[PDB]
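A.B. asks: One file: model_23.cif (mmCIF, N, CA and C atoms).
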```
data_protein
#
loop_
_atom_site.label_atom_id
_atom_site.label_comp_id
_atom_site.auth_asym_id
_atom_site.auth_seq_id
_atom_site.Cartn_x
_atom_site.Cartn_y
_atom_site.Cartn_z
N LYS A 1 13.63 -30.36 -17.34
CA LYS A 1 12.75 -31.38 -17.89
C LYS A 1 13.17 -32.77 -17.43
N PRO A 2 12.42 -33.35 -16.48
CA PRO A 2 12.71 -34.67 -15.91
C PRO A 2 12.50 -35.76 -16.96
N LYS A 3 13.21 -36.87 -16.83
CA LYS A 3 13.13 -37.95 -17.81
C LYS A 3 12.89 -39.29 -17.14
N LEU A 4 12.12 -40.16 -17.79
CA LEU A 4 12.13 -41.57 -17.45
C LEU A 4 13.30 -42.18 -18.20
N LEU A 5 13.89 -43.23 -17.64
CA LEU A 5 14.93 -43.97 -18.34
C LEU A 5 14.45 -45.39 -18.57
N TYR A 6 13.99 -45.64 -19.79
CA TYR A 6 13.36 -46.91 -20.12
C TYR A 6 14.36 -47.86 -20.74
N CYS A 7 14.53 -49.03 -20.12
CA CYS A 7 15.47 -50.02 -20.64
C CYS A 7 14.75 -51.00 -21.56
N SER A 8 15.20 -51.08 -22.81
CA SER A 8 14.52 -51.90 -23.82
C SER A 8 14.72 -53.41 -23.64
N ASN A 9 15.62 -53.79 -22.76
CA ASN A 9 15.92 -55.20 -22.53
C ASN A 9 14.72 -55.99 -21.99
N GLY A 10 14.25 -55.61 -20.80
CA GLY A 10 13.08 -56.23 -20.21
C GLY A 10 11.92 -55.26 -20.09
N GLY A 11 12.11 -54.06 -20.61
CA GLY A 11 11.08 -53.03 -20.59
C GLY A 11 10.86 -52.45 -19.20
N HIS A 12 11.95 -52.17 -18.51
CA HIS A 12 11.87 -51.64 -17.15
C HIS A 12 12.28 -50.18 -17.13
N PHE A 13 11.62 -49.41 -16.28
CA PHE A 13 12.06 -48.06 -15.99
C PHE A 13 13.03 -48.13 -14.82
N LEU A 14 14.16 -47.45 -14.97
CA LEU A 14 15.11 -47.32 -13.89
C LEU A 14 14.42 -46.70 -12.70
N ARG A 15 14.72 -47.24 -11.51
CA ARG A 15 14.11 -46.76 -10.27
C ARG A 15 15.13 -46.69 -9.14
N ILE A 16 15.12 -45.59 -8.40
CA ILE A 16 15.90 -45.51 -7.16
C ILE A 16 14.93 -45.26 -6.01
N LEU A 17 14.77 -46.25 -5.15
CA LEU A 17 13.88 -46.09 -3.99
C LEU A 17 14.56 -45.22 -2.95
N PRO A 18 13.77 -44.63 -2.05
CA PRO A 18 14.36 -43.70 -1.08
C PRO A 18 15.40 -44.33 -0.14
N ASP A 19 15.43 -45.65 -0.03
CA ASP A 19 16.44 -46.30 0.82
C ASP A 19 17.78 -46.50 0.11
N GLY A 20 17.87 -46.07 -1.15
CA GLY A 20 19.09 -46.20 -1.92
C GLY A 20 19.12 -47.42 -2.82
N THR A 21 18.09 -48.26 -2.74
CA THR A 21 18.06 -49.46 -3.56
C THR A 21 17.69 -49.10 -5.00
N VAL A 22 18.42 -49.68 -5.94
CA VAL A 22 18.20 -49.42 -7.36
C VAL A 22 17.72 -50.69 -8.05
N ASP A 23 16.63 -50.57 -8.79
CA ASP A 23 16.17 -51.68 -9.61
C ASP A 23 15.43 -51.14 -10.81
N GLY A 24 14.75 -52.03 -11.53
CA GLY A 24 13.91 -51.62 -12.63
C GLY A 24 12.49 -52.04 -12.33
N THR A 25 11.53 -51.22 -12.75
CA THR A 25 10.13 -51.59 -12.62
C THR A 25 9.40 -51.41 -13.94
N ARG A 26 8.42 -52.27 -14.20
CA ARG A 26 7.62 -52.14 -15.40
C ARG A 26 6.48 -51.14 -15.20
N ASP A 27 6.24 -50.77 -13.95
CA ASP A 27 5.13 -49.90 -13.58
C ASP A 27 5.43 -48.42 -13.74
N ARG A 28 4.88 -47.79 -14.77
CA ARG A 28 5.19 -46.39 -15.01
C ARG A 28 4.42 -45.43 -14.08
N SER A 29 3.61 -45.97 -13.18
CA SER A 29 2.92 -45.13 -12.20
C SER A 29 3.75 -45.00 -10.93
N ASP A 30 4.96 -45.55 -10.97
CA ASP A 30 5.85 -45.49 -9.82
C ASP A 30 6.34 -44.06 -9.64
N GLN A 31 6.51 -43.65 -8.38
CA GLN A 31 6.87 -42.28 -8.06
C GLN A 31 8.38 -42.05 -7.99
N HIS A 32 9.16 -43.08 -8.28
CA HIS A 32 10.61 -42.98 -8.14
C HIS A 32 11.37 -43.30 -9.42
N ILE A 33 10.74 -43.04 -10.56
CA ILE A 33 11.35 -43.35 -11.85
C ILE A 33 11.65 -42.11 -12.70
N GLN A 34 11.59 -40.93 -12.09
CA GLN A 34 11.89 -39.71 -12.82
C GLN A 34 13.26 -39.19 -12.42
N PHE A 35 14.03 -38.75 -13.41
CA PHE A 35 15.42 -38.33 -13.20
C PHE A 35 15.78 -37.04 -13.88
N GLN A 36 16.68 -36.29 -13.25
CA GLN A 36 17.32 -35.15 -13.88
C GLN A 36 18.71 -35.57 -14.29
N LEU A 37 19.05 -35.38 -15.56
CA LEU A 37 20.38 -35.73 -16.04
C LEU A 37 21.30 -34.52 -16.06
N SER A 38 21.65 -34.05 -14.86
CA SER A 38 22.45 -32.85 -14.70
C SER A 38 23.79 -33.02 -15.40
N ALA A 39 24.19 -32.04 -16.19
CA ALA A 39 25.45 -32.12 -16.91
C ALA A 39 26.64 -31.66 -16.06
N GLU A 40 27.75 -32.37 -16.15
CA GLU A 40 28.98 -31.93 -15.49
C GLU A 40 29.84 -31.20 -16.51
N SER A 41 29.82 -31.72 -17.73
CA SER A 41 30.55 -31.18 -18.86
C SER A 41 29.92 -31.84 -20.08
N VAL A 42 30.37 -31.47 -21.27
CA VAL A 42 29.81 -32.05 -22.49
C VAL A 42 29.90 -33.57 -22.49
N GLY A 43 28.75 -34.22 -22.65
CA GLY A 43 28.68 -35.67 -22.73
C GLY A 43 28.73 -36.41 -21.40
N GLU A 44 28.80 -35.67 -20.29
CA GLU A 44 28.83 -36.26 -18.96
C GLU A 44 27.59 -35.87 -18.17
N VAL A 45 26.98 -36.84 -17.49
CA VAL A 45 25.78 -36.56 -16.71
C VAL A 45 25.79 -37.25 -15.35
N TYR A 46 25.09 -36.64 -14.40
CA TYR A 46 24.67 -37.33 -13.20
C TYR A 46 23.27 -37.84 -13.48
N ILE A 47 22.88 -38.91 -12.80
CA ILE A 47 21.51 -39.40 -12.91
C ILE A 47 20.87 -39.21 -11.54
N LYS A 48 20.07 -38.15 -11.41
CA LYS A 48 19.60 -37.68 -10.11
C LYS A 48 18.09 -37.82 -9.99
N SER A 49 17.66 -38.57 -8.97
CA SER A 49 16.23 -38.78 -8.73
C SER A 49 15.50 -37.46 -8.49
N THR A 50 14.44 -37.21 -9.24
CA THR A 50 13.64 -36.01 -9.02
C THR A 50 12.86 -36.10 -7.71
N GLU A 51 12.48 -37.32 -7.34
CA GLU A 51 11.66 -37.50 -6.14
C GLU A 51 12.45 -37.41 -4.84
N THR A 52 13.67 -37.94 -4.83
CA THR A 52 14.42 -38.10 -3.59
C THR A 52 15.72 -37.31 -3.57
N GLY A 53 16.17 -36.85 -4.74
CA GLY A 53 17.41 -36.11 -4.83
C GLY A 53 18.66 -36.97 -4.82
N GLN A 54 18.49 -38.29 -4.77
CA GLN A 54 19.66 -39.18 -4.75
C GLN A 54 20.34 -39.28 -6.10
N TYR A 55 21.63 -39.59 -6.05
CA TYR A 55 22.46 -39.74 -7.24
C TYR A 55 22.72 -41.21 -7.52
N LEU A 56 22.55 -41.63 -8.77
CA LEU A 56 22.90 -43.00 -9.15
C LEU A 56 24.41 -43.17 -9.14
N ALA A 57 24.87 -44.30 -8.59
CA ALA A 57 26.30 -44.60 -8.52
C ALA A 57 26.54 -46.07 -8.81
N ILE A 58 27.72 -46.39 -9.33
CA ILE A 58 28.13 -47.78 -9.48
C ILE A 58 29.49 -47.98 -8.81
N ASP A 59 29.61 -49.01 -7.97
CA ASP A 59 30.90 -49.29 -7.33
C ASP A 59 31.82 -50.20 -8.14
N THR A 60 32.99 -50.50 -7.58
CA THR A 60 34.01 -51.25 -8.30
C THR A 60 33.53 -52.65 -8.69
N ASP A 61 32.65 -53.22 -7.87
CA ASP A 61 32.12 -54.56 -8.11
C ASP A 61 30.92 -54.57 -9.05
N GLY A 62 30.48 -53.39 -9.48
CA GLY A 62 29.32 -53.30 -10.35
C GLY A 62 27.99 -53.17 -9.62
N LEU A 63 28.03 -53.02 -8.30
CA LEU A 63 26.83 -52.77 -7.52
C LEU A 63 26.31 -51.35 -7.80
N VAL A 64 25.03 -51.25 -8.17
CA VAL A 64 24.43 -49.97 -8.48
C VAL A 64 23.56 -49.53 -7.31
N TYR A 65 23.74 -48.30 -6.86
CA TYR A 65 23.08 -47.84 -5.65
C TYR A 65 22.79 -46.35 -5.73
N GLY A 66 21.97 -45.87 -4.79
CA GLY A 66 21.64 -44.46 -4.72
C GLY A 66 22.38 -43.79 -3.57
N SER A 67 23.00 -42.65 -3.85
CA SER A 67 23.79 -41.92 -2.86
C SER A 67 23.14 -40.58 -2.58
N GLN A 68 23.19 -40.11 -1.34
CA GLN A 68 22.59 -38.82 -1.04
C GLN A 68 23.51 -37.66 -1.44
N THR A 69 24.77 -37.97 -1.71
CA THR A 69 25.70 -36.97 -2.24
C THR A 69 26.30 -37.49 -3.53
N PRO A 70 26.76 -36.58 -4.39
CA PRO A 70 27.45 -37.02 -5.60
C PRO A 70 28.87 -37.39 -5.20
N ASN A 71 29.11 -38.68 -5.12
CA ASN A 71 30.41 -39.16 -4.68
C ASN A 71 31.29 -39.41 -5.87
N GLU A 72 32.38 -40.12 -5.61
CA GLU A 72 33.42 -40.29 -6.60
C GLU A 72 33.05 -41.25 -7.73
N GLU A 73 31.87 -41.87 -7.67
CA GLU A 73 31.43 -42.82 -8.69
C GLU A 73 29.99 -42.59 -9.19
N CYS A 74 29.59 -41.32 -9.27
CA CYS A 74 28.23 -40.94 -9.66
C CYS A 74 28.18 -40.26 -11.03
N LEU A 75 29.32 -40.17 -11.71
CA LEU A 75 29.35 -39.46 -12.98
C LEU A 75 29.40 -40.47 -14.12
N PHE A 76 28.54 -40.25 -15.11
CA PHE A 76 28.41 -41.16 -16.26
C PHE A 76 28.70 -40.42 -17.55
N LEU A 77 29.22 -41.15 -18.53
CA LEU A 77 29.30 -40.63 -19.89
C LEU A 77 28.08 -41.14 -20.66
N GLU A 78 27.30 -40.22 -21.20
CA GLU A 78 26.11 -40.54 -21.96
C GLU A 78 26.48 -40.58 -23.44
N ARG A 79 26.14 -41.67 -24.11
CA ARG A 79 26.48 -41.82 -25.52
C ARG A 79 25.24 -42.20 -26.31
N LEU A 80 24.96 -41.46 -27.38
CA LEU A 80 23.89 -41.86 -28.27
C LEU A 80 24.40 -42.97 -29.18
N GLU A 81 23.74 -44.12 -29.14
CA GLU A 81 24.14 -45.24 -29.97
C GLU A 81 23.45 -45.16 -31.32
N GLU A 82 24.03 -45.78 -32.33
CA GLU A 82 23.51 -45.70 -33.69
C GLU A 82 22.12 -46.31 -33.80
N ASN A 83 21.66 -46.93 -32.72
CA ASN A 83 20.36 -47.59 -32.71
C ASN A 83 19.25 -46.75 -32.07
N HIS A 84 19.55 -45.48 -31.81
CA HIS A 84 18.59 -44.52 -31.26
C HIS A 84 18.52 -44.55 -29.73
N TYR A 85 19.16 -45.54 -29.11
CA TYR A 85 19.17 -45.63 -27.66
C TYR A 85 20.40 -44.94 -27.11
N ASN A 86 20.38 -44.66 -25.81
CA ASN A 86 21.55 -44.13 -25.12
C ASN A 86 22.17 -45.17 -24.21
N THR A 87 23.48 -45.05 -24.00
CA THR A 87 24.17 -45.81 -22.97
C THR A 87 24.78 -44.86 -21.96
N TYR A 88 25.00 -45.38 -20.75
CA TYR A 88 25.56 -44.63 -19.64
C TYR A 88 26.68 -45.45 -19.03
N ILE A 89 27.91 -44.97 -19.16
CA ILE A 89 29.06 -45.69 -18.63
C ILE A 89 29.67 -44.95 -17.44
N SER A 90 30.02 -45.71 -16.41
CA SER A 90 30.68 -45.17 -15.22
C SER A 90 32.04 -44.59 -15.58
N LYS A 91 32.21 -43.29 -15.35
CA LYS A 91 33.48 -42.63 -15.64
C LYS A 91 34.62 -43.20 -14.81
N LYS A 92 34.33 -43.55 -13.56
CA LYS A 92 35.35 -44.07 -12.66
C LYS A 92 35.73 -45.54 -12.91
N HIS A 93 34.74 -46.38 -13.21
CA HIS A 93 34.97 -47.83 -13.27
C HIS A 93 34.83 -48.45 -14.65
N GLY A 94 34.09 -47.81 -15.54
CA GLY A 94 33.90 -48.36 -16.87
C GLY A 94 32.74 -49.34 -17.01
N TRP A 95 31.99 -49.59 -15.93
CA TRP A 95 30.75 -50.35 -16.03
C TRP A 95 29.68 -49.59 -16.79
N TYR A 96 28.98 -50.25 -17.71
CA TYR A 96 27.75 -49.69 -18.24
C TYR A 96 26.58 -49.93 -17.29
N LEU A 97 25.72 -48.95 -17.13
CA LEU A 97 24.46 -49.16 -16.44
C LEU A 97 23.62 -50.15 -17.25
N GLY A 98 23.09 -51.19 -16.60
CA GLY A 98 22.21 -52.14 -17.27
C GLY A 98 21.07 -52.62 -16.40
N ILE A 99 19.90 -52.85 -17.00
CA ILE A 99 18.82 -53.50 -16.29
C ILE A 99 18.57 -54.86 -16.93
N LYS A 100 18.71 -55.90 -16.12
CA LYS A 100 18.53 -57.27 -16.60
C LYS A 100 17.05 -57.56 -16.84
N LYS A 101 16.76 -58.68 -17.51
CA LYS A 101 15.37 -59.00 -17.82
C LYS A 101 14.49 -59.24 -16.59
N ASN A 102 15.10 -59.59 -15.46
CA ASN A 102 14.37 -59.76 -14.20
C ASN A 102 14.24 -58.46 -13.41
N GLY A 103 14.71 -57.35 -13.99
CA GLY A 103 14.57 -56.05 -13.35
C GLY A 103 15.66 -55.67 -12.37
N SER A 104 16.63 -56.55 -12.15
CA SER A 104 17.78 -56.19 -11.34
C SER A 104 18.70 -55.27 -12.15
N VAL A 105 19.44 -54.43 -11.45
CA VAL A 105 20.28 -53.44 -12.11
C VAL A 105 21.71 -53.63 -11.65
N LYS A 106 22.63 -53.76 -12.60
CA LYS A 106 24.03 -53.87 -12.23
C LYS A 106 24.97 -53.51 -13.37
N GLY A 107 26.22 -53.28 -12.99
CA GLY A 107 27.26 -52.95 -13.95
C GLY A 107 27.39 -54.03 -15.00
N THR A 108 27.43 -53.61 -16.26
CA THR A 108 27.32 -54.49 -17.41
C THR A 108 28.38 -54.13 -18.44
N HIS A 109 28.82 -55.11 -19.21
CA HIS A 109 29.73 -54.84 -20.32
C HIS A 109 29.00 -54.52 -21.61
N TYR A 110 29.68 -53.79 -22.49
CA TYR A 110 29.13 -53.48 -23.80
C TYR A 110 28.75 -54.75 -24.55
N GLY A 111 27.67 -54.66 -25.31
CA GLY A 111 27.27 -55.74 -26.19
C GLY A 111 26.03 -56.47 -25.69
N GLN A 112 25.60 -56.13 -24.48
CA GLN A 112 24.40 -56.74 -23.92
C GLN A 112 23.21 -55.80 -24.04
N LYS A 113 22.03 -56.35 -24.29
CA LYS A 113 20.84 -55.53 -24.49
C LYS A 113 20.48 -54.72 -23.25
N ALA A 114 20.95 -55.18 -22.10
CA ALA A 114 20.64 -54.53 -20.83
C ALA A 114 21.08 -53.07 -20.75
N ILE A 115 22.01 -52.66 -21.62
CA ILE A 115 22.62 -51.33 -21.48
C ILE A 115 21.91 -50.25 -22.28
N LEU A 116 20.88 -50.62 -23.04
CA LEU A 116 20.22 -49.65 -23.91
C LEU A 116 19.03 -48.96 -23.24
N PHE A 117 19.08 -47.64 -23.17
CA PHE A 117 18.02 -46.85 -22.54
C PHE A 117 17.44 -45.81 -23.48
N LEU A 118 16.13 -45.60 -23.37
CA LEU A 118 15.47 -44.51 -24.05
C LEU A 118 15.06 -43.48 -23.02
N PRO A 119 15.71 -42.31 -23.04
CA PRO A 119 15.25 -41.25 -22.14
C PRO A 119 13.95 -40.65 -22.67
N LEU A 120 12.99 -40.49 -21.78
CA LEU A 120 11.66 -40.03 -22.16
C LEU A 120 11.30 -38.82 -21.32
N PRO A 121 11.42 -37.63 -21.92
CA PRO A 121 11.06 -36.40 -21.21
C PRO A 121 9.61 -36.44 -20.75
N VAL A 122 9.38 -36.05 -19.50
CA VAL A 122 8.04 -36.02 -18.94
C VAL A 122 7.27 -34.75 -19.32
N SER A 123 6.01 -34.92 -19.70
CA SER A 123 5.13 -33.81 -20.07
C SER A 123 5.53 -33.16 -21.39
#
```
In structure tokens, how does this file's structure come out?
C.D. replies:
Amino acid sequence: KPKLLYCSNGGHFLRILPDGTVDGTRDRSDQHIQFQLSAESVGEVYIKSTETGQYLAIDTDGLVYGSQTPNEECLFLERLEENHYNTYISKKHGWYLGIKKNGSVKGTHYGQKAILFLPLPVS
């Protein structure tokens, strides 16, 4: 069951374009906003594009990008927050996935609205 990942901050859906660029879009008719949250172990997920097969990754500097292989920085810890939203933290670096109000996506610290996502199963 594929999911949209909707960020409540600026109301953007997480998107990974086929060139590896990651951003947020408000357009839910976009073909690159569906993801499989493949589990590695309890509470750990990959964020994998259903359209392109790419894996979401965050580097040491907080740059968020799409990788064609699951590399050493593609694994996230998924946490249900008491506010009904989920957060996704980089297991390797400790950056939270966040989408800013302008739709840019980058590594974020806890406490910012950018880190809250609602996974929305498709169909």
A.B. asks: For the file shown, report as a PyMOL selection string the outcome of the PyMOL selection byres ((chain A and resi 118) around 7) at residue level.
C.D. replies: chain A and resi 4-8+84-86+116-117+119-121
A.B. asks: Please write the residues picked by the PyMOL selection byres ((chain A and resi 88-93) around 5) on this file as a PDB file with N, CA and C atoms, in the frame of the given file.
C.D. replies:
```pdb
ATOM      1  N   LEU A  75      29.320 -40.170 -11.710  1.00  0.00           N
ATOM      2  CA  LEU A  75      29.350 -39.460 -12.980  1.00  0.00           C
ATOM      3  C   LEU A  75      29.400 -40.470 -14.120  1.00  0.00           C
ATOM      4  N   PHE A  76      28.540 -40.250 -15.110  1.00  0.00           N
ATOM      5  CA  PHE A  76      28.410 -41.160 -16.260  1.00  0.00           C
ATOM      6  C   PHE A  76      28.700 -40.420 -17.550  1.00  0.00           C
ATOM      7  N   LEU A  77      29.220 -41.150 -18.530  1.00  0.00           N
ATOM      8  CA  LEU A  77      29.300 -40.630 -19.890  1.00  0.00           C
ATOM      9  C   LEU A  77      28.080 -41.140 -20.660  1.00  0.00           C
ATOM     10  N   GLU A  78      27.300 -40.220 -21.200  1.00  0.00           N
ATOM     11  CA  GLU A  78      26.110 -40.540 -21.960  1.00  0.00           C
ATOM     12  C   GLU A  78      26.480 -40.580 -23.440  1.00  0.00           C
ATOM     13  N   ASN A  86      20.380 -44.660 -25.810  1.00  0.00           N
ATOM     14  CA  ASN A  86      21.550 -44.130 -25.120  1.00  0.00           C
ATOM     15  C   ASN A  86      22.170 -45.170 -24.210  1.00  0.00           C
ATOM     16  N   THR A  87      23.480 -45.050 -24.000  1.00  0.00           N
ATOM     17  CA  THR A  87      24.170 -45.810 -22.970  1.00  0.00           C
ATOM     18  C   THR A  87      24.780 -44.860 -21.960  1.00  0.00           C
ATOM     19  N   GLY A  94      34.090 -47.810 -15.540  1.00  0.00           N
ATOM     20  CA  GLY A  94      33.900 -48.360 -16.870  1.00  0.00           C
ATOM     21  C   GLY A  94      32.740 -49.340 -17.010  1.00  0.00           C
ATOM     22  N   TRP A  95      31.990 -49.590 -15.930  1.00  0.00           N
ATOM     23  CA  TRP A  95      30.750 -50.350 -16.030  1.00  0.00           C
ATOM     24  C   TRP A  95      29.680 -49.590 -16.790  1.00  0.00           C
ATOM     25  N   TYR A  96      28.980 -50.250 -17.710  1.00  0.00           N
ATOM     26  CA  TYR A  96      27.750 -49.690 -18.240  1.00  0.00           C
ATOM     27  C   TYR A  96      26.580 -49.930 -17.290  1.00  0.00           C
ATOM     28  N   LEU A  97      25.720 -48.950 -17.130  1.00  0.00           N
ATOM     29  CA  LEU A  97      24.460 -49.160 -16.440  1.00  0.00           C
ATOM     30  C   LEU A  97      23.620 -50.150 -17.250  1.00  0.00           C
TER      31      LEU A  97
END
```
A.B. asks: Check the smallest atom-to-atom distance from each of A:113, A:69, A:122, A:102 to residue 35 of chain A using only C-alpha atoms, then report the winner.
C.D. replies: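 Using only C-alpha atoms, the shortest distance to residue 35 of chain A belongs to A:122.
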A.B. asks: Could you work out how far atom N of residue 110 of chain A lies from atom CA of residue 98 of chain A, giving the answer in Å with one decimal?
C.D. replies: 9.3 Å
A.B. asks: Mind checking DSSP for chain A and telling me the strand (DSSP E) residues as a ChimeraX atom specification?
C.D. replies: /A:3-7,12-16,22-25,34-36,39-41,44-45,48-49,55-58,64-67,76-80,86-90,96-99,105-108,117-121
A.B. asks: With the file shown as input, list the residues that the PyMOL selection byres ((chain A and resi 51-61) around 6) selects, as number ranges by chain.
C.D. replies: A: 31-32, 34, 47-50, 62-70, 73-74
A.B. asks: Grab the atom CA of residue 123 of chain A to atom CA of residue 23 of chain A distance for me, in Å with one decimal place.
C.D. replies: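 Calculated distance between atom CA of residue 123 of chain A and atom CA of residue 23 of chain A is 23.5 Å.
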A.B. asks: Between atom N of residue 25 of chain A and atom CA of residue 71 of chain A, what distance in Å does the model show, to one decimal?
C.D. replies: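 Separation of atom N of residue 25 of chain A and atom CA of residue 71 of chain A: 23.8 Å.
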A.B. asks: Just checking: using only C-alpha atoms, which residue out of A:13, A:81, A:18, A:36 ends up closest to residue 1 of chain A?
C.D. replies: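 Smallest separation from residue 1 of chain A among the options: A:36.
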A.B. asks: Counting only N, CA and C atoms, figure out which residue out of A:111, A:105, A:22, A:100 gets nearest to residue 10 of chain A.
C.D. replies: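 So, comparing all the options, the nearest one is A:100.
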A.B. asks: Atoms are missing here; could segment 66-84 of chain A be completed with N, CA, C and O atoms and written as a PDB file, keeping the file's coordinate frame?
C.D. replies:
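What ended up in selection.pdb:
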```pdb
ATOM      1  N   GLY A  66      21.970 -45.870  -4.790  1.00  0.00           N
ATOM      2  CA  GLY A  66      21.640 -44.460  -4.720  1.00  0.00           C
ATOM      3  C   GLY A  66      22.380 -43.790  -3.570  1.00  0.00           C
ATOM      4  O   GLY A  66      22.424 -44.327  -2.459  1.00  0.00           O
ATOM      5  N   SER A  67      23.000 -42.650  -3.850  1.00  0.00           N
ATOM      6  CA  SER A  67      23.790 -41.920  -2.860  1.00  0.00           C
ATOM      7  C   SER A  67      23.140 -40.580  -2.580  1.00  0.00           C
ATOM      8  O   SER A  67      22.627 -39.946  -3.494  1.00  0.00           O
ATOM      9  N   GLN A  68      23.190 -40.110  -1.340  1.00  0.00           N
ATOM     10  CA  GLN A  68      22.590 -38.820  -1.040  1.00  0.00           C
ATOM     11  C   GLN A  68      23.510 -37.660  -1.440  1.00  0.00           C
ATOM     12  O   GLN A  68      23.070 -36.514  -1.517  1.00  0.00           O
ATOM     13  N   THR A  69      24.770 -37.970  -1.710  1.00  0.00           N
ATOM     14  CA  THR A  69      25.700 -36.970  -2.240  1.00  0.00           C
ATOM     15  C   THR A  69      26.300 -37.490  -3.530  1.00  0.00           C
ATOM     16  O   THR A  69      26.317 -38.704  -3.759  1.00  0.00           O
ATOM     17  N   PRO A  70      26.760 -36.580  -4.390  1.00  0.00           N
ATOM     18  CA  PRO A  70      27.450 -37.020  -5.600  1.00  0.00           C
ATOM     19  C   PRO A  70      28.870 -37.390  -5.200  1.00  0.00           C
ATOM     20  O   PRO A  70      29.714 -36.531  -4.932  1.00  0.00           O
ATOM     21  N   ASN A  71      29.110 -38.680  -5.120  1.00  0.00           N
ATOM     22  CA  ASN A  71      30.410 -39.160  -4.680  1.00  0.00           C
ATOM     23  C   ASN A  71      31.290 -39.410  -5.870  1.00  0.00           C
ATOM     24  O   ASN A  71      30.995 -39.001  -6.995  1.00  0.00           O
ATOM     25  N   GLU A  72      32.380 -40.120  -5.610  1.00  0.00           N
ATOM     26  CA  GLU A  72      33.420 -40.290  -6.600  1.00  0.00           C
ATOM     27  C   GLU A  72      33.050 -41.250  -7.730  1.00  0.00           C
ATOM     28  O   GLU A  72      33.842 -41.412  -8.661  1.00  0.00           O
ATOM     29  N   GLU A  73      31.870 -41.870  -7.670  1.00  0.00           N
ATOM     30  CA  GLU A  73      31.430 -42.820  -8.690  1.00  0.00           C
ATOM     31  C   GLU A  73      29.990 -42.590  -9.190  1.00  0.00           C
ATOM     32  O   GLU A  73      29.269 -43.550  -9.519  1.00  0.00           O
ATOM     33  N   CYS A  74      29.590 -41.320  -9.270  1.00  0.00           N
ATOM     34  CA  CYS A  74      28.230 -40.940  -9.660  1.00  0.00           C
ATOM     35  C   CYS A  74      28.180 -40.260 -11.030  1.00  0.00           C
ATOM     36  O   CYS A  74      27.132 -39.792 -11.444  1.00  0.00           O
ATOM     37  N   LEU A  75      29.320 -40.170 -11.710  1.00  0.00           N
ATOM     38  CA  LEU A  75      29.350 -39.460 -12.980  1.00  0.00           C
ATOM     39  C   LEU A  75      29.400 -40.470 -14.120  1.00  0.00           C
ATOM     40  O   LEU A  75      30.178 -41.410 -14.087  1.00  0.00           O
ATOM     41  N   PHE A  76      28.540 -40.250 -15.110  1.00  0.00           N
ATOM     42  CA  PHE A  76      28.410 -41.160 -16.260  1.00  0.00           C
ATOM     43  C   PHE A  76      28.700 -40.420 -17.550  1.00  0.00           C
ATOM     44  O   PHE A  76      28.463 -39.221 -17.651  1.00  0.00           O
ATOM     45  N   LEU A  77      29.220 -41.150 -18.530  1.00  0.00           N
ATOM     46  CA  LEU A  77      29.300 -40.630 -19.890  1.00  0.00           C
ATOM     47  C   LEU A  77      28.080 -41.140 -20.660  1.00  0.00           C
ATOM     48  O   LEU A  77      27.844 -42.349 -20.716  1.00  0.00           O
ATOM     49  N   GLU A  78      27.300 -40.220 -21.200  1.00  0.00           N
ATOM     50  CA  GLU A  78      26.110 -40.540 -21.960  1.00  0.00           C
ATOM     51  C   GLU A  78      26.480 -40.580 -23.440  1.00  0.00           C
ATOM     52  O   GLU A  78      27.092 -39.652 -23.955  1.00  0.00           O
ATOM     53  N   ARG A  79      26.140 -41.670 -24.110  1.00  0.00           N
ATOM     54  CA  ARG A  79      26.480 -41.820 -25.520  1.00  0.00           C
ATOM     55  C   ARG A  79      25.240 -42.200 -26.310  1.00  0.00           C
ATOM     56  O   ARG A  79      24.542 -43.151 -25.954  1.00  0.00           O
ATOM     57  N   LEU A  80      24.960 -41.460 -27.380  1.00  0.00           N
ATOM     58  CA  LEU A  80      23.890 -41.860 -28.270  1.00  0.00           C
ATOM     59  C   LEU A  80      24.400 -42.970 -29.180  1.00  0.00           C
ATOM     60  O   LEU A  80      25.403 -42.800 -29.890  1.00  0.00           O
ATOM     61  N   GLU A  81      23.740 -44.120 -29.140  1.00  0.00           N
ATOM     62  CA  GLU A  81      24.140 -45.240 -29.970  1.00  0.00           C
ATOM     63  C   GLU A  81      23.450 -45.160 -31.320  1.00  0.00           C
ATOM     64  O   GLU A  81      22.406 -44.514 -31.447  1.00  0.00           O
ATOM     65  N   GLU A  82      24.030 -45.780 -32.330  1.00  0.00           N
ATOM     66  CA  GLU A  82      23.510 -45.700 -33.690  1.00  0.00           C
ATOM     67  C   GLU A  82      22.120 -46.310 -33.800  1.00  0.00           C
ATOM     68  O   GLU A  82      21.476 -46.214 -34.852  1.00  0.00           O
ATOM     69  N   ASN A  83      21.660 -46.930 -32.720  1.00  0.00           N
ATOM     70  CA  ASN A  83      20.360 -47.590 -32.710  1.00  0.00           C
ATOM     71  C   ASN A  83      19.250 -46.750 -32.070  1.00  0.00           C
ATOM     72  O   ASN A  83      18.144 -47.241 -31.826  1.00  0.00           O
ATOM     73  N   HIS A  84      19.550 -45.480 -31.810  1.00  0.00           N
ATOM     74  CA  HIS A  84      18.590 -44.520 -31.260  1.00  0.00           C
ATOM     75  C   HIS A  84      18.520 -44.550 -29.730  1.00  0.00           C
ATOM     76  O   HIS A  84      17.901 -43.687 -29.112  1.00  0.00           O
TER      77      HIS A  84
END
```
